[PDB]
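S.K.: One structure, pasted below without further comment.
Please note: Cβ atoms are built from the backbone with ideal geometry, for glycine as well, and neighbour counts cover all protein chains shown. What follows is calculated from the coordinates using simple rules that are stated; it is not laboratory data.
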Amino acid sequence: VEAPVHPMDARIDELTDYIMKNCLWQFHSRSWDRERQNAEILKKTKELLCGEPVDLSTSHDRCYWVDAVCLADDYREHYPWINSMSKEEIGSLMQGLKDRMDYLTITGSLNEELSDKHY
Amino acid sequence: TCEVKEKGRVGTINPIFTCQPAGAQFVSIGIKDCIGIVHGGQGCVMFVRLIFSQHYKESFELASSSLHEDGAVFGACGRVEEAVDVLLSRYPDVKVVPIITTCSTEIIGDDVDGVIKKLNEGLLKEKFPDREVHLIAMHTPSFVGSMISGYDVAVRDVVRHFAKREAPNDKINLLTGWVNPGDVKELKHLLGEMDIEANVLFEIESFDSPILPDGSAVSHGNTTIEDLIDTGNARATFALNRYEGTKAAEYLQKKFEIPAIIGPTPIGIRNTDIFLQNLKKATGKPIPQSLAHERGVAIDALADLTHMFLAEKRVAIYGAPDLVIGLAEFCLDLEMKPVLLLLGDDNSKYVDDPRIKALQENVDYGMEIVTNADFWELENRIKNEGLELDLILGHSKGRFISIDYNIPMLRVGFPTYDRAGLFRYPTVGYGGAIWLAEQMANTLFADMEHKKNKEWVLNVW
Amino acid sequence: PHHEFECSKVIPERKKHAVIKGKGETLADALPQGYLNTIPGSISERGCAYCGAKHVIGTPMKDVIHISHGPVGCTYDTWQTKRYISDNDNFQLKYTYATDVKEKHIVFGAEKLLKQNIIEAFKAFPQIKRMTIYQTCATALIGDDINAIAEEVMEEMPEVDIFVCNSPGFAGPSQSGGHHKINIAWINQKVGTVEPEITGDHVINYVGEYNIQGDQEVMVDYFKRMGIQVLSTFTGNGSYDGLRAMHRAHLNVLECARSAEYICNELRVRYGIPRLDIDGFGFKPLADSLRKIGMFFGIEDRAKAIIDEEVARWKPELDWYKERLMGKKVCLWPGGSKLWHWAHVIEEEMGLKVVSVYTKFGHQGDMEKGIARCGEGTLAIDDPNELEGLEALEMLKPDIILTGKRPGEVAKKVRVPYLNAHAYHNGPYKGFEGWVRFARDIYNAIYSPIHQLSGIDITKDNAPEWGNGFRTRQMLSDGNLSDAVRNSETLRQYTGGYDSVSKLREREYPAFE
Ligand code: CLF
Ligand SMILES: [Mg+2]
Ligand SMILES: [S]
């Protein structure tokens, strides 16, 4: 598998670093869990970053939301450039991020255990 | 009267000892250039290295064969072969490598003598032809005896391996037993004053290792291959501790006709006297004035304490059987009343011990000696059968009984991890008689202050 | 890139188990191997699968007879080596049980022995009605059916319950196989078997916490101040019947993922309970953890309050140590989770430079977390052995290592100070206060005047005068601090007492309704 590429790789270098240094939600036990986590939490991060509403209708949603809220907030504080970017550019930034995160933790992962069918 | 009885319960609550392999590992850490491999699961060695750490606050080198699932189904002699190769390949100075079995490798029936012979003819000749390497089987199943019997076995196996009678000499073999560096020092002092040279099994004074400015020191034993070989040439074997050196002493007797003087453990004045008498008898050397002086200095210390403070104190004692018995004896000379002795394994030979026969002949108050004991044998008696005690003597694993039932305790035996520095002081000899009596007193004194029990009396004794 | 130790050239496989985090390298570029078999004779740090099952996870339970079906050895070797405390007078530290399997059981089996043991134990401890039997090497090999015996007794004795843990030493390469076995055995045998009284709208399982020196009590204090009911803790300070009701939690708060992700994973599958991973150590990781837990329940206000008061109370003290600790090099050398819990926050908050991390039994997931949080240049090692440890000390010249007791004593001899990452020094180290306690112990280790003395060669003809009978820590530590630092009005040393946990056992917690 080849490392993904993106126009905004500079800014995704920064956001990826942050998640690797601070977050744990990206390192669940199995590939399918990781797919779910990466997708669901980066979804709500975009939503929040883009003023868009979020769906809190299951307890699973609330669990994704809490990691999403903290990640969004730290982005606005610690990476304040993000604050002067349109919803167009932000959605593009987030799709680039998810792809790098999915690469680093799933499709590019050297963690051989991620495919064990049994927990 | 003094009644010997076996523990009633079949199970163990709060054990006094661990299993035979731990005793073989202890023997092995006392030999220069020795690193045992423990043939079994990883815990059988790593947990034991922690025990030794708890007592000494030092790390000693011991390896695992790392048994896993496959070896447990199919046999694990290959795990040994790999271990020996990996050990020798990375530790150039190693010359002695015990192969110590566990419950697992005994049950699955691995042929250890077999796989050693193979390595001697094979690997060692091919890959390591310029090196001295002594592989030694130690069959130490955990489901008989205890670390104490494991020690006995291992000392026999090392002497059996090495001992040859090429050049008879006048040295003795002194099998110290499983004792502290302070005991080795004391025993060496006594031998020096008698002018008697010895092979001292084991020379563990160097367990007390420094932090040098160049970070170059390590804890290690100093019993050497030469010393072990020389055990065949001695004019007698003094095995101080019957339960820890009988097998090796009798092996040399049976194989080379070296007379074995087994015991008594030189704890207290009287037992130290018997040691010195037995050395004279064995070697013809006179007991010098200098030791009568040191003896009298020891007696002086005891005189200040005995009828004032120690008389009629009610004592429980546990730990290595030789220690337990030796202590009981010294306590009686100190006018004390040892009322419960725990002997915490299955040895069937305690009832035959002459020292225990003497206790049965001679003790005239209520005393119990419990065989196959555990710590619940002491705690249950305190909690539910009204046993009253003034003092406990034993190792640190019994500590919560002391702490929670407000009976003070002197730390003796092995391991002593809940106090600092105890390994540097003697329990044997005249020096040890001083240390035991004064530290029992000091322990009682602190307790009298804690409880406000005539604490004001400690002024003009 | 991968790293090969001089000491381990003759065992080339070892190269696969260590990596230095190279410039620009991502997780896709390099990751150590993990959870493979152990090389015999290597003097690996590793222990056994009974250790992982019984010694680490099982025994913390505080209202349980922890009985090991086997010879005495396994039991003695696991007694009074751990600091998992409890508010049941440390029952789990003071009382241990072995069946004392003998020769005559090797041929014939030891099932009668086991049952007699079980009855003796319950009789001796009439206030205890819960038991866990742990299989050991020997009883695996003789093939006793522990599960059947335990069922026979529960039928005979309905007032008791018995959990069975079949995880002998040889079952796997390390601790790790026992973690799995007991996680799964617990959820298969016991979870779902008790209906708990609920006493709140907000209910968690706190999972993967073993309460070393009171860590669990630190965390549960925060949760009780948030008005959260902690339904169970797996397993530090935990109740057996409390853990039997894990199915009823609204959330699984997972601290030690290594040991307990297994049971969280199955609770999600079987009961739909979500899994939120947290960090127990450090001001940021812990504040984020508490913020998320509160925000999940809609009570973020309560968590914000706690975070606010605690940081105000303790940050002035943390920063005292940070200023003296800046640039000091540290190896994070526990067994597992701690290595990644600490890897970033200890650099950020204590100013230490993490130069190495190591896991005894960790999986590749733990190296992921580890390497993700570490700085470029950091040596990560899987299944380290003694010579590699010593070579790493020579190569990296750390100022302190956080590691086990006996490994600490190896480092002692070559003039490297240690704290006990496992059992702690002056713990507990979780929480805000704990993090200051932690920093102080590091300071006291690094700036020990006895440590400075040990470096002096008294034989040296060149050695200069001393003309002073002491040197204080602060003499050795404060020599080159800014005047602003050294004369601060806020910065101060730790002001807490010797025991930071006993106060919490008295504490009263107001209901939020
Ligand atoms: S790998 Fe682990 S600690 Fe080892 S035996 Fe196995 S479950 Fe136990 Fe037990 S009684 Fe002694 S210590 Fe061993 S030799 Fe047997
Ligand atoms: Mg020392
Ligand atoms: S381990």
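S.K.: Which whole-number percent gives the relative contact order of chain A, counting Cα pairs below 8 Å spaced six or more residues apart?
M.R.: 43
S.K.: Taking 7 Å along the Cα-to-C-beta vector as the label spot, tell me the C:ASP301-A:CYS50 distance in nanometres, rounded to one decimal.
M.R.: Label at C:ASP301, label at A:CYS50, 3.2 nm between them.
S.K.: Enumerate the calculated ³J(HN,Hα) couplings along the range C:102-110 in order (Karplus 6.51 cos²θ - 1.76 cosθ + 1.60, θ = phi - 60°), each rounded to whole Hz, writing x wherever the residue is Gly or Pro.
M.R.: Calculated HN-Hα couplings, in order: 10, 3, 5, 8, 6, 7, 7, x, 10 Hz.
S.K.: Can you tell me the FRET efficiency between B:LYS349 and B:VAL73 if r is taken as the Cβ-Cβ distance and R0 is 35 Å, rounded to the nearest 0.05?
M.R.: The calculated FRET efficiency here is 0.40.
S.K.: For C:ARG507, A:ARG62, what's the fewest-to-most ordering of other Cβ within 10 Å of each Cβ?
M.R.: C:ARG507, A:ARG62
S.K.: Translational diffusion coefficient, Stokes-Einstein: compute it for the range C:55-125 using the Kirkwood radius over C-alpha pairs as Rh, at 25 °C and 0.890 mPa s, and state it as an integer in µm² s⁻¹.
M.R.: Roughly 189 µm²/s, to the nearest whole number.
S.K.: Tell me, what HN-Hα J-couplings in whole Hz come from the Karplus equation 6.51 cos²θ - 1.76 cosθ + 1.60 at θ = phi - 60° for each residue of the range B:287-300, using x for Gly and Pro?
M.R.: Using θ = phi - 60°, the values come out as 6, x, 3, 4, 7, 5, 5, 5, 4, x, 5, 5, 4, 4 Hz.
S.K.: Taking a spot 7 Å from the Cα of C:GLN493 along the direction of its beta carbon, which residues of the range C:299-329 have an amide N less than 19 Å from it?
M.R.: C:314-326
S.K.: Mind computing the radius of gyration and Dmax over the alpha-carbon atoms of chain A? Å is fine for both.
M.R.: Rg then Dmax for chain A, in Å: 14.2, 46.
S.K.: In peptide B:212-221, how many Cβ atoms from other protein chains are near each Cβ within 10 Å, on average?
M.R.: 4
S.K.: Further question: Rounding to the nearest 20 debye, state how big the charge dipole of the protein assembly as shown is about its Cα centre with +1 on each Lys and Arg Cβ and -1 on each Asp and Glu Cβ.
M.R.: The dipole magnitude comes to about 700 debye.
S.K.: Quick check on the range B:122-173: take the gyration tensor over C-alpha atoms, sort the square-rooted eigenvalues as a ≥ b ≥ c, and tell me if it's rounded (a/c under 1.5), prolate or oblate.
M.R.: Verdict is oblate for the range B:122-173.
S.K.: For the residues B:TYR56, B:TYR251, what sequence is obtained by ranking on other C-beta atoms within 10 Å, fewest first?
M.R.: By the 10 Å Cβ count, ascending, the order reads B:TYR251, B:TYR56.
S.K.: Would you calculate, for chain C, the mean residue ellipticity at 222 nm contributed by helices, counting each DSSP H stretch of 4 or more residues as -39,500 (n - 2.57) and dividing by all residues, to the nearest 500?
M.R.: Result for chain C, helices only: -11500 deg cm²/dmol.
S.K.: Output the 0 to 90 degree angle, nearest 10, between the alpha-carbon long axis of helix B:429-451 and the longest principal axis computed from the alpha carbons of chain B.
M.R.: Computed tilt is about 60 degrees.
S.K.: Would you mind computing Rg(Cα) / (2.2 N^0.38 Å) for the protein assembly as shown, counting N as its residues?
M.R.: My calculation over the Cα atoms of the protein assembly as shown gives 0.98.
S.K.: Roughly how tilted is helix B:147-162, in degrees to the nearest 10 and between 0 and 90, from the longest Cα axis of chain B?
M.R.: For helix B:147-162, the angle is close to 50 degrees.
S.K.: Report, as an integer, the average count of C-beta atoms from other chains found within 10 Å of each Cβ along C:44-50.
M.R.: So the per-residue partner count for this stretch is 6.
S.K.: Could you let me know the centre-to-centre spacing of the range C:166-233 and the range C:465-500, using Cα atoms, in angstrom?
M.R.: Comparing the Cα centres of the range C:166-233 and the range C:465-500, I get a distance of 41 Å.
S.K.: Further question on the same structure: Any idea what angle helix C:257-271 forms with the longest principal axis of chain C, computed on alpha-carbon atoms, 0 to 90 degrees, nearest 10?
M.R.: 40
S.K.: I'd like to compare B:89-100, C:163-174: which one has the highest average count of other Cβ atoms within 10 Å, and what's the full order after that?
M.R.: Peptide ranking by packing, descending: C:163-174, B:89-100.
S.K.: Taking only DSSP H segments of four or more residues, each worth -39500 (n - 2.57), what value at 222 nm results for chain B once the sum is divided by all its residues, to the nearest 500 deg cm²/dmol?
M.R.: -14000 deg cm²/dmol
S.K.: From other protein chains only, count the Cβ atoms within 10 Å of every residue's Cβ in C:270-276, then give the mean.
M.R.: Per residue, the number of nearby Cβ atoms from other chains is 4 on average.
S.K.: In the neighborhood of C:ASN237, defined by Cβ-to-Cβ distances under 11 Å, what is the net charge if each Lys or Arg adds +1 and each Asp or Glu adds -1?
M.R.: -3
S.K.: With label points built 7 Å along Cα→Cβ from the Cα atoms of A:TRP81 and B:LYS164, find their separation and express it in nm.
M.R.: Once both label points are built, they end up 7.8 nm from each other.
S.K.: Given +1 on the Cβ of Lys and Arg, -1 on the Cβ of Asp and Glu, and no further charges, what dipole in debye does the range B:18-163 carry about its Cα centre, rounded to the nearest 20?
M.R.: 340
S.K.: Rounded, prolate or oblate: which fits the range C:199-240, taking a ≥ b ≥ c as square roots of the Cα gyration tensor eigenvalues, rounded meaning a/c under 1.5, else prolate when a/b beats b/c?
M.R.: It is oblate, given that a/c is not under 1.5 and a/b is not larger than b/c.
S.K.: What is the spread of the Cα atoms of the range B:313-413 along each of their three principal axes, largest first, in whole Å?
M.R.: Largest to smallest, the principal-axis extents are 35, 30, 25 Å.
S.K.: Also, quick follow-up: Given bins 5 angstrom wide, list per bin the percent of all Cα-Cα distances in the range B:126-272, short to long.
M.R.: Bin by bin from 0 Å, the calculated values are 2, 9, 16, 21, 19, 15, 10, 6, 2, 1, 0, 0.
S.K.: Determine one quarter of the surface area of the Cα convex hull of chain C, which equals its mean projected area, and express it in nm² to one decimal.
M.R.: For the Cα atoms of chain C, the hull's average projected area reads 28.3 nm².
S.K.: Kirkwood Rh, Cα Rg: Rg to Rh for the range B:87-208?
M.R.: Across the range B:87-208, the Cα-based Rg/Rh ratio is 1.02.
S.K.: If packing is taken as the average number of other Cβ atoms within 10 Å across a peptide's residues, how do A:98-111, C:14-27, B:378-391 rank, most packed first?
M.R.: A:98-111, C:14-27, B:378-391
S.K.: Roughly speaking, what is the centre-to-centre gap between the range C:62-92 and the range C:368-430 when only Cα atoms are used, to the nearest Å?
M.R.: 27
S.K.: I want to verify the translational diffusion coefficient of the range C:259-330 in µm²/s; compute it with Stokes-Einstein, Rh as the Kirkwood radius over Cα pairs, at 25 °C and 0.890 mPa s.
M.R.: Diffusion coefficient, whole number: 167 µm²/s.
S.K.: Determine how many Å³ per residue the convex hull of the Cα atoms of chain B encloses.
M.R.: Taking only Cα atoms, chain B has a hull volume of 164 Å³ per residue.
S.K.: A further question follows. In Å and on Cα atoms, what radius of gyration and Dmax does the range B:5-68 show?
M.R.: Rg, Dmax (Cα atoms, Å): 14.0, 44.
S.K.: Compute the distance in nm between two label points, each set 7 Å from the Cα along the Cα-to-Cβ direction, one at C:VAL10 and one at C:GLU309.
M.R.: Those two pseudo-labels are separated by 6.1 nm.
S.K.: Among B:316-324, B:109-117, what's the highest-first ranking by average C-beta atoms within 10 angstrom per residue?
M.R.: B:316-324, B:109-117
S.K.: Another one. Name the residue farthest towards the positive end of the dipole of the range B:68-153 from the options B:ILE107, B:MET147, B:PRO129, assuming +1 on Cβ of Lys and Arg, -1 on Cβ of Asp and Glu, about the Cα centre.
M.R.: B:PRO129
S.K.: Taking just the C-alpha trace of the range B:18-163, give me its Rg and Dmax in Å.
M.R.: That works out to 14.1, 40 Å for Rg and Dmax.
S.K.: Here is a further query. Between C:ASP483 and B:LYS281, what FRET efficiency follows from the Cβ-Cβ distance if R0 is 56 Å, with the result rounded to 0.05?
M.R.: Here the calculated transfer efficiency is 0.10.
S.K.: Using the beta-carbon distance between B:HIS293 and C:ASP145 and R0 = 60 Å, what value does 1/(1 + (r/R0)^6) give for FRET efficiency, to the nearest 0.05?
M.R.: Calculated transfer efficiency: 0.35.
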